[PDB]
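The chain below stands alone, shown as structure tokens; this is the form deposited in one PDB entry.
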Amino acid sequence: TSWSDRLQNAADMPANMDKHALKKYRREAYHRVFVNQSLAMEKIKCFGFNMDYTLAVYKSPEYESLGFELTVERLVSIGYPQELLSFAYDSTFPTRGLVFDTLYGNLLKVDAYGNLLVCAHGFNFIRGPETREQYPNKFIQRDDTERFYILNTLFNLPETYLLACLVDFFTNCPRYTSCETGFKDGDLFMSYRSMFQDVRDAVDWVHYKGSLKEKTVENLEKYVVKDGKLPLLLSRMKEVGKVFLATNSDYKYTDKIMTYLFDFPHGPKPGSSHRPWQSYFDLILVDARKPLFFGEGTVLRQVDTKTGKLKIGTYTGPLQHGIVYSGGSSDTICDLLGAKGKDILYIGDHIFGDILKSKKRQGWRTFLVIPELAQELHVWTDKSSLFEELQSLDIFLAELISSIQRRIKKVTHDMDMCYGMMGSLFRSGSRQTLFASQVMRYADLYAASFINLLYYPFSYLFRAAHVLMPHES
């Protein structure tokens, strides 16, 4: 039972729009919209979306496996050993948001202050005292961006597992001598950095030059979550404001995916005429290149919607029905729709490129879609006993014979393993992750699916608990 299965079970259900059924529905956590900063919806005038893993949630683990197979094939085709072809993606290992250390070849799970919480070299999890040789302060300098790559998105889920497989394969293959910073193959040296780069380059190649998009479109029911409540919610959004799409995908792919997402024998509700997906949007912008999009951006261009290619030159005209933009910046959207930042609720999945940057660079309101949260919420309500036992041991230990500290590390471990081999997305025991930090800080609203917005009336006031400093209480 994967997180994408819960989303597709809830998607197969028709919208009960009775005012009482909505209140009762959003009482359950799997359908709630969770609040980090107060937000009054009657001040929202423009609703903004990205596509990949927001409108178009790719089914798990089929989509991560397809990415893993295709990336592995690319690496073999440029000269990596045939033993990669015998790997096989294991959705139980990787958790989203890990840091790969290109110096020593480890996956690290860190809190916001760069403290180590989990460290795995290949498939070998390194315990507290043994990490101190490489991490003398149990700490990483997050600013050292040449050394530490954060794997933020669900596209990074294959490479997260792939990076372990590779370290594990070379570590234990006798053709290679393991060194501190990589692998000697006789007279060739492959550093963990250059290996990381080869993986990284390959994933890029698979998305942009390879067969990933091709193979997704040819079996969309295997790969993309489809929900007939999506036309309904967007149509209700356009009744009270403007709806725009700002995606990093190209128009050809966006068209195929959106068409599928809207292919029903009806419009917003059952029994209405089916409309084309573009008619649900006041502004459709592709090739967004976020997060540069929220700074100076790129030259603004016009898509030839018949051929799918860009017209030649910079677009200088007005917003007209059925025009489609490529590139540009976030200001392009604000000028054309005549909106200020806090007018906009931008709905996205990239904690950094979608959410943080729009918040910090433009003052946009942010809604972060967290697909894994549909499963994680279940695990959390079925093991509330282990976390509650953890909160109790933390409290008793404070009142204090350190045989307690070893029962804490054990309960920690068992709680963590329920989510995966790399723990929960948001914490390792009582200690929160960098991801969790960035959600709380930069995401006003968050949820397992944005479709949860449908169960809230369009005047609602999302409330957040006021923050008080220590001395202020």
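Numbering starts at 1 and follows the sequence shown.
Same protein, other form: the form deposited with a small molecule bound, not shown, and the subject of what follows.
- Per the 4.5 Å heavy atom criterion, the small molecule in the bound PDB entry is contacted by stretch 201-209, the sole one of 333-341, 312-320, 299-307, 201-209.
- In the bound PDB entry, the small molecule lies within 4.5 Å of some heavy atom of residue 52.
- Looking at residue 290, you'd find a heavy atom of it within 4.5 angstroms of the small molecule in the bound PDB entry.
- Although the partner is absent here, residue 247 lies within 4.5 Å of the small molecule in the bound PDB entry, judged by heavy atoms.
- At the 4.5 Å threshold, heavy atoms of residue 294 stay clear of the small molecule in the bound PDB entry, well away from it.
- Contact with the small molecule in the bound PDB entry, defined as a heavy atom within 4.5 Å, holds for exactly one of 89, 262, 325, 155, namely 155.
- Only one of the listed residues (213, 147, 236, 252) places a non-hydrogen atom within 4.5 angstroms of the small molecule in the bound PDB entry, and that residue is 213.
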